[PDB]
Structure formats: structure tokens, C-alpha cells
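We number each residue from 1, following the sequence as shown. The figures here come from the full heavy-atom set of this structure, side chains too, leaving out hydrogens, waters and symmetry mates. First listed ligand is number 1; within each ligand, the first listed atom is number 1.
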Amino acid sequence: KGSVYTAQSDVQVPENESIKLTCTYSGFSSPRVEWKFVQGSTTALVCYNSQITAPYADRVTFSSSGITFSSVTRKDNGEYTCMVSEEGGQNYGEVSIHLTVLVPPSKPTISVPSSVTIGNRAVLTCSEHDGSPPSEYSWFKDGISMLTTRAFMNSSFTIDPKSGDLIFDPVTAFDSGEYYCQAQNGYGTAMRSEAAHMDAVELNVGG
Ligand SMILES: [Mg+2]
């Protein structure tokens, strides 16, 4: 019959740069090429009847071998599906391409409670929302990297690299110290946050 394929189904490209989403096909004579963009629940047509649609006409150019973006932004992340059909609908084929627009992580912020009551729970947060793909996190206490393997077994802590949560349950006097974190996503350079000190006392905090 007729096949439809792509050179790269997982495309990564820095923000603001040009990129061509390729879609090759063979076995067609009078093909109708269409493209759709899926992000979450939103479904938009980029190309209809071999023609770039209105909302994309200002930066997307059509060609029989794929669509070229003169520039992409983080808002373009998602999957693009190239749909090729022989005029009449007898022969059909399609191929999906996931686009990831690269953006290095921004300086993350941290939430470290100045005072916590020993025996209770304490969650220190670390995050940034600009990185693409999403950043992973790591923590430090008084300059020591908490995981390299734990920096010390003397604490009942847990760290979730994906959310960035540093969890102390229960918190002990030993957990008192200066903490800061860093975010990285394999692109650009890792960024560190500001440091913050946490004091662990014996009685209830907050009066
Ligand atoms: Mg913002």
C-alpha cells in the first residue's frame, strides 16, 4: 500500500530556534497532507488540506516533506501528527512526533521553616517552573551534598528528586542547619537557590 514515516519521532530543539518536523511518504500520487497538534486535551489543526491554518500561518511553512517552524517557544511542546491520505481516502497513513522545546532551569526558590518542633514533620521545598524538560533536584546541608548514598544515617530524611521535597519525619535537633538546593535538567547549567537556616527546638512553635 503506502507508508508514512519520520526521521525523528522525539525532537528536541532550543527555544526561539527554527525546526522542521519531517514526514516522508511513498506510494501516494495525489496526497492530502494534514497536521494536528495535541497538548493535554487541546486539539488544533496546524495543516488542513495541505495548507497551514490561520493561527499558524505567520510562523509555519508547509512543504511536501514536513512543516518548518521559523521559531518555536515553550508553548509549542506536545505531539504533532502528520496525516497523509491519497485523494479519495483509499490509502492512508500517519506518524506522530513529540516536540520538546529546550529551556534551561531558572534559579529555584526554597521554602525552609525557620523553626520546627522536634518529633514533628518538616518538609523543605525546592522548585522552579521554567525548565523544559522539568528539572530534578538535590539538597545540601551546611555545604554537604546529602546524597552522593546518604551524607549521614543519623537522620530520618527522604528526598524526592522529581518534586524536590526534602522530608524530615520526625525532625531531630541534628537536622538543624543551613540548607540550599540545586535544579538541573541536562540542558544548560544547573542553578542553585539561596541558603536558609532551620532551627529545631523542643517545644511547640508558634505559641
Ligand atoms: Mg513565572
Side-chain angles (χ1 to χ4, degrees), residues 8-21 35-46 52-61 67-81 96-116 121-148 157-169 171 175 177-199 205-206:
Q8 184 57 252
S9 61
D10 177 58
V11 182
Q12 302 185 2
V13 63
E15 187 170 58
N16 301 312
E17 277 181 27
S18 299
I19 188 60
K20 178 177 179 173
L21 299 185
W35 286 82
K36 70 177 183 182
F37 173 57
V38 172
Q39 183 186 51
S41 62
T42 303
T43 306
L45 292 190
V46 179
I52 304 308
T53 56
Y56 285 95
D58 66 284
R59 59 187 183 109
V60 184
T61 295
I67 57 173
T68 303
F69 281 83
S70 63
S71 65
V72 282
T73 56
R74 58 197 71 175
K75 300 184 67 179
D76 292 312
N77 286 337
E79 81 161 24
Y80 297 76
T81 300
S96 291
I97 302 172
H98 200 84
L99 175 60
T100 300
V101 180
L102 299 176
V103 179
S106 291
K107 181 175 185 182
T109 60
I110 57 169
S111 291
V112 177
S114 62
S115 286
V116 292
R121 184 180 178 87
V123 181
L124 313 201
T125 65
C126 174
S127 73
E128 68 90 32
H129 57 276
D130 293 318
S132 186
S135 303
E136 278 195 345
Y137 314 91
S138 53
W139 289 86
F140 304 85
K141 177 186 178 182
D142 303 316
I144 305 294
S145 185
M146 297 186 80
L147 290 178
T148 303
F157 76 95
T158 306
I159 292 175
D160 185 328
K162 294 182 179 178
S163 65
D165 293 339
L166 168 48
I167 310 175
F168 292 113
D169 195 352
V171 302
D175 300 312
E178 190 185 80
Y179 296 85
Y180 78 83
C181 69
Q182 86 177 47
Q184 65 194 96
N185 68 351
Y187 180 63
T189 181
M191 298 285 284
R192 59 156 292 164
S193 73
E194 279 309 313
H197 181 268
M198 179 175 82
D199 233 321
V205 171

Notebook entry, point to check: Applying the side chain to side chain contact (heavy atoms under 4.5 Å, CB included) test to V13, which of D76, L102, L99 qualifies?
Noted result: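 Single pass found, and it is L99.
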Notebook entry, point to check: Which atoms of the protein, restricted to N, O or S, are nearer than 2.8 Å to the Mg ion (ligand 1)?
Noted result: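 Sorted hits: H129 NE2.
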Notebook entry, point to check: Between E15 and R74, does at least one N-O distance fall below 4.0 Å, as a salt bridge requires?
Noted result: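 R74 and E15: salt-bridged.
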Checklist line | Charged N-O contact under 4.0 Å between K107 and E194 | finding: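 The answer is yes: the pair qualifies as a salt bridge.
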Margin query: How close do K162 and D160 get, counting heavy atoms only, and between which atoms?
Written below: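 What the structure gives for the nearest pair is N-OD1, 3.1 Å.
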Next item on the list: Return the set of residues passing side chain to side chain contact (heavy atoms under 4.5 Å, CB included) with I144 (not counting sequence neighbours), or none when no residue passes.
Entry: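 Partners of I144 under the side chain to side chain contact (heavy atoms under 4.5 Å, CB included) test: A151.
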Note to self: Contact between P108 and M191 at the side-chain level, heavy atoms closer than 4.5 Å - yes or no?
What the structure shows: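 Yes, at least one pair of side-chain atoms sits under 4.5 Å.
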